[PDB]
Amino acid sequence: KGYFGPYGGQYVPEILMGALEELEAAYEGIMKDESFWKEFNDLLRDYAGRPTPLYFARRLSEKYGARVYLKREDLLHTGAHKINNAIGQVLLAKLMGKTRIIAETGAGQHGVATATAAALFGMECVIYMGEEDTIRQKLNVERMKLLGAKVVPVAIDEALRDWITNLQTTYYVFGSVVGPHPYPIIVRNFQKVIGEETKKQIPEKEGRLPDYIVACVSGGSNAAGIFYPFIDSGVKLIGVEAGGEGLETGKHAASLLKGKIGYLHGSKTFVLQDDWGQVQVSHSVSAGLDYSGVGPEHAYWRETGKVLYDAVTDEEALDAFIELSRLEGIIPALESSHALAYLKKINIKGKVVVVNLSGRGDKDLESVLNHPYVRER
């Protein structure tokens, strides 16, 4: 229970177990509540904009001699897949009687999605963010403030302390399939709607299950959402981690490829550590992939071989960012640009490939243009 094979668990201090048991019990009581999931799927349709299209990128398919299809999660409300999980967890907080929503964010994407869902349900919202990340991401900070959320500059530790201090009224929204049980299973079950839509959409366009399904992986929420309905179906599922400046450079975030077994934020999983078990700081041109750990379900999928994993560098992601913008007129998130950049490293000639476009790249345009590799290009 709470383990994907040997990975996962609840490796947390004892002061946090009271909240986890309450959440684990409330979530189990809605696993077979059709009124909950119907209300969840109605908001996904009318509020988030689901189902998302499965768009055939003709100009991109002709470039690689393949049939590249893009699952357009960039068209959701707020512009990223994060709204799927944020809506579900705040709905869960509504059933639990919570009146206050809190979360942490580094880039600001999950912070905006959380403040959005909190305003939809009419709850108080407090977003915790590093004081350095606030000064840089002033636009997303003002987005959250416009949505009615209080932004507290300082991270996860301060937010978790808030959760325990005000457990009577406060719910904590985890942004990815990380952390202690039951958060990894909760987020994956709120994100699998991606793969379930793709499973019903790809036969209406090809009459055949896809050959490849590619997605970027940091924490792993968008990949697990599109991979889970395709586990053990013959489709080659490929997760792409953040290679940073290079896997052999120590400036990356490929937790599955270069990490070791460890405990991060309550989860037994692969964590970037040194030889002495000290967690190392990750690095990536995409702030959405700047995480030292990875979801335990992705560690279990790699061990059992049900999903393959590789990585692409920062420069290669910046190329796929410019490529999709000029060839298809879609400005992709720098996160999803890693999954698009992997179209070059595999032979897809005559194959049907589905890429999970996890978000739009409007928020990354300033960072891409100011990058020294793009400036010199």
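Heads up: residue numbers just count along the shown sequence, starting at 1.
Gap check for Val154 to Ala155: 4 to 9 deposited residues are absent from the model. Taking the PDB entry as given, 197-205 carries the higher mean Cα B factor of the two stretches 197-205 and 75-83. For the segment pair 84-92 and 237-245, the entry gives 237-245 the higher mean B-factor, averaged over Cα atoms.
Of the candidates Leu146, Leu139, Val112, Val178, the PDB record gives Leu139 the highest C-alpha temperature factor.
Considering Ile101, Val279, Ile135, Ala253 together, the PDB entry gives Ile135 the largest C-alpha B factor. In the PDB entry, a CA B factor belonging to the highest third of its chain's modelled residues is recorded for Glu315. For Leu343, the recorded CA B-factor ranks within the highest third of the chain. Only modelled residues enter the ranking. Annotation for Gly8: C-alpha temperature factor in the lowest third relative to the rest of the modelled chain, per the entry. The deposited CA B-factor of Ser61 belongs to the highest third of values across its chain. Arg302: CA B factor in the middle third of modelled residues in this chain (values from the PDB entry).
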